[PDB]
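Structure record follows, encoded as C-alpha cells.
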Number of protein chains: 2
Amino acid sequence: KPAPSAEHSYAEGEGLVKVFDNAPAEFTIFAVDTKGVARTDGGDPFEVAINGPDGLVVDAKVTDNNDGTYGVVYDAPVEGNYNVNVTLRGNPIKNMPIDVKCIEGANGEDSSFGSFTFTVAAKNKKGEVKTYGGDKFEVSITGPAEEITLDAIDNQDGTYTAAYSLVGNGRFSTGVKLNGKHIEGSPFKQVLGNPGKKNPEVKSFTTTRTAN
Amino acid sequence: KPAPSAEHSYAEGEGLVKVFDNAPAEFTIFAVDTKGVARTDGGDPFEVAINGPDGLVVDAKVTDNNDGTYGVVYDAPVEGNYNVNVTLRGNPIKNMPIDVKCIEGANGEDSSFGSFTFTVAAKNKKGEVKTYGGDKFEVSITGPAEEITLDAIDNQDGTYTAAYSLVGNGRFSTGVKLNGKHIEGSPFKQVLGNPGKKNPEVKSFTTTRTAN
C-alpha cells in the first residue's frame, strides 16, 4: 500500500560521483514512500535517462532487486559530462538530475614498473650525519636489463640519490657504496616482472655509475 | 753519480688533491735528477712536513721504494686545510708547498637508505599514456618492517608514485594497483639487507595507501 515518492526517493553510488571511460559506472536507487519510510519490495516504475558528450544517449541497465532498491549500471565511453536523471513516473527523484564527470580511466593491467629512485644518508666516522657531499658514491645494478638508465647523484647536503629506469624481466641486485663500503641494507634486490619470462638471449650484467 | 734535484722532483697522488678525515691520504714523491731524468734508485733525503688545522702537526710515513720513488702516507683526522711541503735539503720540490682540502668522509657502513620511490605511467584503453590523474592508485608493502612510512601519490599528469622509507632485514612484497587491478609485474619482491637475520619477534605486516 505504501506508494513510492519522488521527493523522498534518492540515489547513491560512485556512478553519480566520478566515472571512468573504461569501466562500468554503478549506483543504486533507494525507493522511499510518501510517508518517508524505505519501500519494502520492488515493482516501482523508476526510469534512468543519461545524456553524455555531444548528444550521446547512454542506455542505463536497471535491475529491480525486490528490496526497494534498484541497481543501475551504465557505460560512459567518452570522457566528459554525463547528465543522469532518475525519475519516478516522470518526476526527478531527490537530487536529480545530476551532472557526473567521466574521465579517461587507467587500464591497470597495461601499466608496468620502470622508473625508480632511492636516497642515501651519509654519516661521518663519529656516527653523526654529514651536512655536505664529496664522497665517492657508487651505485651498481646487476640484472638482465634489456634497457637501463642510471644516475648516481651527490645532492651536496650529506645525502645521495640514485635515479634509474629498467626494462626487462628478472632479478636485479643494486650494490650501493660510500667510499668503498656497502651501506646498511645493501645490496637492495628487486624483481622486475617475472624472472621466467626473461629473453633467453639477455643475460645478467652490471651497470655502475659513480658520483665524485 | 746522478744527484736528485729539488727543482725537477715532484709529487703526485690523491693525498695532494682531496683528502677524507677517515681514510689515509697517499701520494708518491718522484725524485728526478739534475738533468731532468727520473732517479734510478733510492736513498735521497726527502722530507715531508704537513701542518693541519688549528696548529696540528701531522706525521707522514715515508717509504723508500728503491727505484727513485717514495710512498707517503699520512692521516688527516680533522676536516680543514692541510699544508703539505715536500723538501730536499731545505728546498721545496716542484709545486710545493701545496694546500690540500680535507673533508669529512662518509663511513659507508654507518650510512643507510633514507627513502625509496617508484613511478608508474597510467595508460588509457587506447594504449596511450594518460595526461592527467584521477585513477584509484593503491600501493601495499608487506614484510617484517622495523620501521616503514608510505604514500601513494597521484601526480596529476598521468603518472603515480609510491614514496616510502623502510628499515629492516627482510623480503618485502609490494602490490601496486590502478583502478583495482595489479599492474604488469605486481606484486613484486624486494629484499633489503639479509632476510636470514630477521629478528623472529618482528612480524610481517602490510602497510597500504591509496590515492583517490
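Chain lettering (A, B, ...) mirrors the order of the C-alpha cells, residue numbering begins at 1 for each chain separately, and ligand numbering begins at 1 in order of display.
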Skip stretch 20-37 of chain A itself and residues of its chain fewer than 3 positions away, then list as a PyMOL selection string all residues within 10 Å of it, counting only C-alpha atoms.
(chain A and resi 1-17+40-42+44-46+48+60-64+67-80+86+88+93+101-107) or (chain B and resi 124-126+134-135+179)
Once you have the residues from the selection above, write them out as a PDB file, in the first residue's frame, restricted to C-alpha atoms.
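The new file part_13.pdb reads:
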```pdb
ATOM      1  CA  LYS A   1       0.000   0.000   0.000  1.00  0.00           C
ATOM      2  CA  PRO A   2       2.878   2.370   0.725  1.00  0.00           C
ATOM      3  CA  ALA A   3       3.476   4.115  -2.612  1.00  0.00           C
ATOM      4  CA  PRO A   4       6.795   5.460  -3.853  1.00  0.00           C
ATOM      5  CA  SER A   5       7.599   9.157  -3.532  1.00  0.00           C
ATOM      6  CA  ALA A   6       9.748  11.178  -5.945  1.00  0.00           C
ATOM      7  CA  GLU A   7      10.648  13.720  -3.275  1.00  0.00           C
ATOM      8  CA  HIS A   8      11.897  11.134  -0.787  1.00  0.00           C
ATOM      9  CA  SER A   9      13.423   8.525  -3.122  1.00  0.00           C
ATOM     10  CA  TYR A  10      17.147   9.154  -3.749  1.00  0.00           C
ATOM     11  CA  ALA A  11      20.175   7.544  -5.437  1.00  0.00           C
ATOM     12  CA  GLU A  12      23.729   6.881  -4.193  1.00  0.00           C
ATOM     13  CA  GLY A  13      26.861   5.319  -5.719  1.00  0.00           C
ATOM     14  CA  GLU A  14      30.174   6.069  -7.424  1.00  0.00           C
ATOM     15  CA  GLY A  15      28.347   6.204 -10.771  1.00  0.00           C
ATOM     16  CA  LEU A  16      26.940   9.520  -9.575  1.00  0.00           C
ATOM     17  CA  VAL A  17      30.272  10.917  -8.353  1.00  0.00           C
ATOM     18  CA  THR A  40       9.833  -2.857   1.384  1.00  0.00           C
ATOM     19  CA  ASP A  41       9.666  -4.510  -2.042  1.00  0.00           C
ATOM     20  CA  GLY A  42      10.064  -3.853  -5.762  1.00  0.00           C
ATOM     21  CA  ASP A  44       8.003   0.750  -8.619  1.00  0.00           C
ATOM     22  CA  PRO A  45       8.483   2.378 -12.022  1.00  0.00           C
ATOM     23  CA  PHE A  46      11.826   4.194 -11.972  1.00  0.00           C
ATOM     24  CA  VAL A  48      17.021   6.485 -15.840  1.00  0.00           C
ATOM     25  CA  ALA A  60      21.426   2.511 -18.391  1.00  0.00           C
ATOM     26  CA  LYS A  61      20.645  -1.025 -17.197  1.00  0.00           C
ATOM     27  CA  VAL A  62      18.273  -1.001 -14.225  1.00  0.00           C
ATOM     28  CA  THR A  63      17.721  -4.096 -12.083  1.00  0.00           C
ATOM     29  CA  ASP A  64      14.850  -4.363  -9.624  1.00  0.00           C
ATOM     30  CA  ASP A  67      14.112  -4.964  -1.698  1.00  0.00           C
ATOM     31  CA  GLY A  68      13.035  -1.437  -2.586  1.00  0.00           C
ATOM     32  CA  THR A  69      16.487  -0.932  -4.132  1.00  0.00           C
ATOM     33  CA  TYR A  70      17.297  -0.790  -7.876  1.00  0.00           C
ATOM     34  CA  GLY A  71      20.878  -1.342  -9.096  1.00  0.00           C
ATOM     35  CA  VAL A  72      21.891   0.815 -12.084  1.00  0.00           C
ATOM     36  CA  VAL A  73      24.908   0.128 -14.290  1.00  0.00           C
ATOM     37  CA  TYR A  74      25.870   2.127 -17.396  1.00  0.00           C
ATOM     38  CA  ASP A  75      28.824   2.635 -19.707  1.00  0.00           C
ATOM     39  CA  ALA A  76      30.279   6.098 -20.282  1.00  0.00           C
ATOM     40  CA  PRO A  77      32.817   5.546 -23.065  1.00  0.00           C
ATOM     41  CA  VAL A  78      33.668   9.145 -23.867  1.00  0.00           C
ATOM     42  CA  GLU A  79      35.391  11.463 -21.405  1.00  0.00           C
ATOM     43  CA  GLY A  80      33.155  14.406 -20.470  1.00  0.00           C
ATOM     44  CA  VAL A  86      16.457   9.179 -12.279  1.00  0.00           C
ATOM     45  CA  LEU A  88       9.639   8.282 -10.888  1.00  0.00           C
ATOM     46  CA  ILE A  93      13.707  11.997  -7.605  1.00  0.00           C
ATOM     47  CA  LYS A 101      32.147  13.753 -14.529  1.00  0.00           C
ATOM     48  CA  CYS A 102      33.710  10.962 -16.603  1.00  0.00           C
ATOM     49  CA  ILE A 103      37.465  10.951 -17.189  1.00  0.00           C
ATOM     50  CA  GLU A 104      39.766   8.637 -19.185  1.00  0.00           C
ATOM     51  CA  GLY A 105      40.477   5.657 -16.921  1.00  0.00           C
ATOM     52  CA  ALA A 106      43.717   3.772 -16.467  1.00  0.00           C
ATOM     53  CA  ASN A 107      43.693   0.153 -17.656  1.00  0.00           C
TER      54      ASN A 107
ATOM     55  CA  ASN B 124      44.154   4.523 -21.288  1.00  0.00           C
ATOM     56  CA  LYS B 125      42.126   1.939 -23.199  1.00  0.00           C
ATOM     57  CA  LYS B 126      43.739   3.116 -26.422  1.00  0.00           C
ATOM     58  CA  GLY B 134      42.166  10.601 -11.076  1.00  0.00           C
ATOM     59  CA  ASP B 135      42.683   6.844 -11.084  1.00  0.00           C
ATOM     60  CA  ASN B 179      41.599   1.010 -10.641  1.00  0.00           C
TER      61      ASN B 179
END
```
Sorted per-residue table, chain A near chain B, closest atoms and distance, 6 Å, only C-alpha atoms, as CSV:
```
residue,atom,partner,partner_atom,distance
A:105,CA,B:124,CA,5.8
A:106,CA,B:124,CA,4.9
A:107,CA,B:124,CA,5.7
A:108,CA,B:178,CA,4.5
A:109,CA,B:183,CA,4.6
A:111,CA,B:183,CA,5.2
A:112,CA,B:184,CA,5.0
A:113,CA,B:120,CA,5.7
A:115,CA,B:119,CA,5.6
A:116,CA,B:118,CA,4.2
A:117,CA,B:117,CA,5.0
A:118,CA,B:116,CA,4.1
A:119,CA,B:115,CA,5.3
A:120,CA,B:113,CA,4.3
A:121,CA,B:112,CA,5.6
A:122,CA,B:111,CA,4.7
A:123,CA,B:111,CA,5.3
A:124,CA,B:106,CA,4.7
A:125,CA,B:107,CA,5.5
A:178,CA,B:108,CA,4.5
A:181,CA,B:108,CA,5.0
A:182,CA,B:108,CA,5.8
A:183,CA,B:109,CA,4.8
A:184,CA,B:112,CA,5.0
A:185,CA,B:193,CA,3.7
A:186,CA,B:193,CA,5.8
A:188,CA,B:192,CA,5.1
A:189,CA,B:191,CA,4.9
A:190,CA,B:190,CA,4.3
A:191,CA,B:189,CA,5.5
A:193,CA,B:185,CA,4.0
```
Deliver the residues from the most recent selection as a file, using N, CA and C atoms, as a PDB file, in the first residue's frame.
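Heads up, here's the output in again.pdb:
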```
ATOM      1  N   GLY A 105      40.062   6.534 -18.009  1.00  0.00           N
ATOM      2  CA  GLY A 105      40.477   5.657 -16.921  1.00  0.00           C
ATOM      3  C   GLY A 105      41.757   4.920 -17.340  1.00  0.00           C
ATOM      4  N   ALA A 106      42.514   4.516 -16.345  1.00  0.00           N
ATOM      5  CA  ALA A 106      43.717   3.772 -16.467  1.00  0.00           C
ATOM      6  C   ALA A 106      43.345   2.268 -16.513  1.00  0.00           C
ATOM      7  N   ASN A 107      43.804   1.602 -17.516  1.00  0.00           N
ATOM      8  CA  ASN A 107      43.693   0.153 -17.656  1.00  0.00           C
ATOM      9  C   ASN A 107      44.942  -0.411 -16.909  1.00  0.00           C
ATOM     10  N   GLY A 108      44.725  -0.686 -15.638  1.00  0.00           N
ATOM     11  CA  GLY A 108      45.721  -1.115 -14.711  1.00  0.00           C
ATOM     12  C   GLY A 108      46.704  -2.124 -15.249  1.00  0.00           C
ATOM     13  N   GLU A 109      46.221  -3.173 -15.870  1.00  0.00           N
ATOM     14  CA  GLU A 109      46.981  -4.277 -16.387  1.00  0.00           C
ATOM     15  C   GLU A 109      47.938  -3.897 -17.502  1.00  0.00           C
ATOM     16  N   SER A 111      49.723  -1.148 -17.374  1.00  0.00           N
ATOM     17  CA  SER A 111      50.799  -0.300 -16.815  1.00  0.00           C
ATOM     18  C   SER A 111      51.968  -1.212 -16.432  1.00  0.00           C
ATOM     19  N   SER A 112      53.162  -0.671 -16.339  1.00  0.00           N
ATOM     20  CA  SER A 112      54.296  -1.509 -15.897  1.00  0.00           C
ATOM     21  C   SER A 112      55.203  -0.674 -15.005  1.00  0.00           C
ATOM     22  N   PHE A 113      56.119  -1.323 -14.317  1.00  0.00           N
ATOM     23  CA  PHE A 113      57.106  -0.602 -13.495  1.00  0.00           C
ATOM     24  C   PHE A 113      58.244  -0.204 -14.440  1.00  0.00           C
ATOM     25  N   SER A 115      60.668   3.134 -13.776  1.00  0.00           N
ATOM     26  CA  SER A 115      61.482   4.161 -13.107  1.00  0.00           C
ATOM     27  C   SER A 115      61.430   4.023 -11.597  1.00  0.00           C
ATOM     28  N   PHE A 116      62.528   4.172 -10.909  1.00  0.00           N
ATOM     29  CA  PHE A 116      62.766   4.012  -9.510  1.00  0.00           C
ATOM     30  C   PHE A 116      63.794   5.025  -8.994  1.00  0.00           C
ATOM     31  N   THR A 117      63.797   5.334  -7.717  1.00  0.00           N
ATOM     32  CA  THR A 117      64.771   6.115  -7.037  1.00  0.00           C
ATOM     33  C   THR A 117      64.994   5.559  -5.601  1.00  0.00           C
ATOM     34  N   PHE A 118      66.093   5.971  -5.017  1.00  0.00           N
ATOM     35  CA  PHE A 118      66.347   5.825  -3.607  1.00  0.00           C
ATOM     36  C   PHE A 118      67.339   6.945  -3.219  1.00  0.00           C
ATOM     37  N   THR A 119      67.294   7.374  -1.998  1.00  0.00           N
ATOM     38  CA  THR A 119      68.177   8.307  -1.404  1.00  0.00           C
ATOM     39  C   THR A 119      68.990   7.585  -0.299  1.00  0.00           C
ATOM     40  N   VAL A 120      70.181   8.029  -0.063  1.00  0.00           N
ATOM     41  CA  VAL A 120      71.122   7.515   0.892  1.00  0.00           C
ATOM     42  C   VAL A 120      71.600   8.615   1.824  1.00  0.00           C
ATOM     43  N   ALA A 121      71.566   8.448   3.121  1.00  0.00           N
ATOM     44  CA  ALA A 121      72.042   9.398   4.085  1.00  0.00           C
ATOM     45  C   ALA A 121      73.400   8.994   4.662  1.00  0.00           C
ATOM     46  N   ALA A 122      74.413   9.794   4.384  1.00  0.00           N
ATOM     47  CA  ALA A 122      75.743   9.554   4.889  1.00  0.00           C
ATOM     48  C   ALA A 122      75.934   9.983   6.343  1.00  0.00           C
ATOM     49  N   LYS A 123      76.687   9.189   7.092  1.00  0.00           N
ATOM     50  CA  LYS A 123      77.114   9.536   8.441  1.00  0.00           C
ATOM     51  C   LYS A 123      78.657   9.589   8.452  1.00  0.00           C
ATOM     52  N   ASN A 124      79.289  10.364   9.240  1.00  0.00           N
ATOM     53  CA  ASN A 124      80.699  10.560   9.409  1.00  0.00           C
ATOM     54  C   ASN A 124      81.256   9.465  10.325  1.00  0.00           C
ATOM     55  N   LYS A 125      82.518   9.535  10.664  1.00  0.00           N
ATOM     56  CA  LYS A 125      83.176   8.494  11.450  1.00  0.00           C
ATOM     57  C   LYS A 125      82.771   8.440  12.896  1.00  0.00           C
ATOM     58  N   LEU A 178      79.555   3.908  -0.292  1.00  0.00           N
ATOM     59  CA  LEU A 178      80.090   5.204   0.023  1.00  0.00           C
ATOM     60  C   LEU A 178      81.560   4.961   0.475  1.00  0.00           C
ATOM     61  N   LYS A 181      82.548   1.183   0.775  1.00  0.00           N
ATOM     62  CA  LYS A 181      81.898   0.231   1.685  1.00  0.00           C
ATOM     63  C   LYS A 181      80.382   0.238   1.456  1.00  0.00           C
ATOM     64  N   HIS A 182      79.783  -0.924   1.506  1.00  0.00           N
ATOM     65  CA  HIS A 182      78.354  -1.071   1.353  1.00  0.00           C
ATOM     66  C   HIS A 182      77.622  -0.326   2.475  1.00  0.00           C
ATOM     67  N   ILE A 183      76.518   0.323   2.113  1.00  0.00           N
ATOM     68  CA  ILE A 183      75.701   0.946   3.181  1.00  0.00           C
ATOM     69  C   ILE A 183      74.854  -0.166   3.806  1.00  0.00           C
ATOM     70  N   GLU A 184      74.289   0.110   4.960  1.00  0.00           N
ATOM     71  CA  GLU A 184      73.437  -0.842   5.666  1.00  0.00           C
ATOM     72  C   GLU A 184      72.273  -1.235   4.770  1.00  0.00           C
ATOM     73  N   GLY A 185      71.984  -2.527   4.648  1.00  0.00           N
ATOM     74  CA  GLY A 185      70.905  -2.971   3.763  1.00  0.00           C
ATOM     75  C   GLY A 185      71.348  -3.256   2.362  1.00  0.00           C
ATOM     76  N   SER A 186      72.537  -2.815   1.949  1.00  0.00           N
ATOM     77  CA  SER A 186      72.928  -3.075   0.547  1.00  0.00           C
ATOM     78  C   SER A 186      73.614  -4.408   0.397  1.00  0.00           C
ATOM     79  N   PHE A 188      70.426  -3.789  -2.404  1.00  0.00           N
ATOM     80  CA  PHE A 188      68.964  -3.754  -2.410  1.00  0.00           C
ATOM     81  C   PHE A 188      68.458  -4.542  -3.622  1.00  0.00           C
ATOM     82  N   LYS A 189      67.811  -5.669  -3.432  1.00  0.00           N
ATOM     83  CA  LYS A 189      67.331  -6.504  -4.518  1.00  0.00           C
ATOM     84  C   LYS A 189      65.910  -6.234  -4.901  1.00  0.00           C
ATOM     85  N   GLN A 190      65.597  -6.305  -6.190  1.00  0.00           N
ATOM     86  CA  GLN A 190      64.292  -6.018  -6.726  1.00  0.00           C
ATOM     87  C   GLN A 190      63.995  -6.980  -7.896  1.00  0.00           C
ATOM     88  N   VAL A 191      62.836  -7.541  -7.952  1.00  0.00           N
ATOM     89  CA  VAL A 191      62.383  -8.377  -9.039  1.00  0.00           C
ATOM     90  C   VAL A 191      61.532  -7.508  -9.989  1.00  0.00           C
ATOM     91  N   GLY A 193      59.006  -7.629 -13.214  1.00  0.00           N
ATOM     92  CA  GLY A 193      58.191  -8.594 -13.965  1.00  0.00           C
ATOM     93  C   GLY A 193      58.355 -10.010 -13.431  1.00  0.00           C
TER      94      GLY A 193
END
```
Could you check the closest approach to residue A:99 for each of A:212, A:85, A:207, A:65 and tell me which residue wins, using only C-alpha atoms?
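Closest to residue A:99 of all the choices is A:85.
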Interatomic distance between atom CA of residue A:54 and atom CA of residue A:98?
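Spanning atom CA of residue A:54 to atom CA of residue A:98 is a straight-line distance of 17.2 Å.
For stretch 133-168 of chain A, a DSSP pass over the backbone yields strand (DSSP E) at residues 137, 138, 139, 140, 141, 142, 143, 147, 148, 149, 150, 151, 152, 153, 154, 159, 160, 161, 162, 163, 164, 165, 166 and 167 of chain A.
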Restricting the output to N, CA and C atoms, write the selected residues as a JSON list (two decimals), in the first residue's frame.
```
[["chain", "number", "residue", "atom", "x", "y", "z"],
["A", 137, "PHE", "N", 80.44, 7.97, -4.35],
["A", 137, "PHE", "CA", 79.14, 7.27, -4.21],
["A", 137, "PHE", "C", 78.94, 6.35, -5.39],
["A", 138, "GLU", "N", 78.91, 5.05, -5.20],
["A", 138, "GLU", "CA", 78.79, 4.12, -6.32],
["A", 138, "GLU", "C", 77.50, 3.32, -6.26],
["A", 139, "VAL", "N", 76.74, 3.28, -7.31],
["A", 139, "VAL", "CA", 75.51, 2.50, -7.41],
["A", 139, "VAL", "C", 75.73, 1.50, -8.57],
["A", 140, "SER", "N", 75.57, 0.23, -8.35],
["A", 140, "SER", "CA", 75.81, -0.75, -9.40],
["A", 140, "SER", "C", 74.69, -1.77, -9.44],
["A", 141, "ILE", "N", 73.88, -1.68, -10.47],
["A", 141, "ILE", "CA", 72.75, -2.52, -10.72],
["A", 141, "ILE", "C", 73.12, -3.72, -11.57],
["A", 142, "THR", "N", 73.02, -4.91, -11.03],
["A", 142, "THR", "CA", 73.28, -6.15, -11.75],
["A", 142, "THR", "C", 71.97, -6.84, -12.07],
["A", 143, "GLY", "N", 71.73, -7.17, -13.32],
["A", 143, "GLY", "CA", 70.46, -7.86, -13.65],
["A", 143, "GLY", "C", 70.32, -7.96, -15.16],
["A", 147, "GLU", "N", 66.86, -2.73, -21.20],
["A", 147, "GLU", "CA", 67.20, -1.31, -21.23],
["A", 147, "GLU", "C", 67.49, -0.85, -19.78],
["A", 148, "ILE", "N", 68.43, 0.07, -19.63],
["A", 148, "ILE", "CA", 68.75, 0.58, -18.31],
["A", 148, "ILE", "C", 69.33, 1.99, -18.39],
["A", 149, "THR", "N", 68.88, 2.89, -17.54],
["A", 149, "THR", "CA", 69.44, 4.20, -17.35],
["A", 149, "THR", "C", 69.71, 4.37, -15.83],
["A", 150, "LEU", "N", 70.84, 4.93, -15.47],
["A", 150, "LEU", "CA", 71.18, 5.09, -14.05],
["A", 150, "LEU", "C", 71.99, 6.35, -13.82],
["A", 151, "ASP", "N", 71.62, 7.16, -12.86],
["A", 151, "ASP", "CA", 72.31, 8.34, -12.43],
["A", 151, "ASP", "C", 72.65, 8.25, -10.93],
["A", 152, "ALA", "N", 73.90, 8.42, -10.59],
["A", 152, "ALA", "CA", 74.35, 8.47, -9.19],
["A", 152, "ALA", "C", 74.63, 9.97, -8.91],
["A", 153, "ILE", "N", 73.97, 10.57, -7.98],
["A", 153, "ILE", "CA", 73.93, 11.98, -7.75],
["A", 153, "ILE", "C", 74.32, 12.39, -6.35],
["A", 154, "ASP", "N", 75.26, 13.32, -6.28],
["A", 154, "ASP", "CA", 75.61, 13.85, -4.91],
["A", 154, "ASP", "C", 74.70, 15.06, -4.71],
["A", 159, "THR", "N", 73.38, 13.84, 1.64],
["A", 159, "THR", "CA", 72.57, 12.74, 1.10],
["A", 159, "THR", "C", 72.92, 12.54, -0.39],
["A", 160, "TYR", "N", 72.71, 11.40, -0.95],
["A", 160, "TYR", "CA", 72.99, 10.98, -2.31],
["A", 160, "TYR", "C", 71.75, 10.39, -2.95],
["A", 161, "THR", "N", 71.54, 10.39, -4.24],
["A", 161, "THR", "CA", 70.32, 9.88, -4.84],
["A", 161, "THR", "C", 70.67, 9.00, -6.04],
["A", 162, "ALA", "N", 70.09, 7.87, -6.20],
["A", 162, "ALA", "CA", 70.18, 7.01, -7.35],
["A", 162, "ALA", "C", 68.82, 7.14, -8.10],
["A", 163, "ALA", "N", 68.88, 7.47, -9.36],
["A", 163, "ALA", "CA", 67.62, 7.54, -10.15],
["A", 163, "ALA", "C", 67.82, 6.61, -11.33],
["A", 164, "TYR", "N", 66.97, 5.62, -11.55],
["A", 164, "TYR", "CA", 67.23, 4.63, -12.60],
["A", 164, "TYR", "C", 65.96, 4.16, -13.28],
["A", 165, "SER", "N", 66.01, 3.69, -14.51],
["A", 165, "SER", "CA", 64.97, 3.08, -15.25],
["A", 165, "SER", "C", 65.45, 1.69, -15.75],
["A", 166, "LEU", "N", 64.58, 0.72, -15.70],
["A", 166, "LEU", "CA", 64.79, -0.64, -16.05],
["A", 166, "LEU", "C", 63.65, -1.15, -16.97],
["A", 167, "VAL", "N", 64.03, -1.92, -17.97],
["A", 167, "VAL", "CA", 63.08, -2.58, -18.86],
["A", 167, "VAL", "C", 63.54, -4.06, -18.94]]
```
Just the number, please: distance in Å from atom CA of residue B:94 to atom CA of residue B:53, one decimal.
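That distance, rounded to one decimal, is 23.8 Å.
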Rounded to one decimal, what separation in Å do you get between atom CA of residue A:47 and atom CA of residue A:66?
15.8 Å
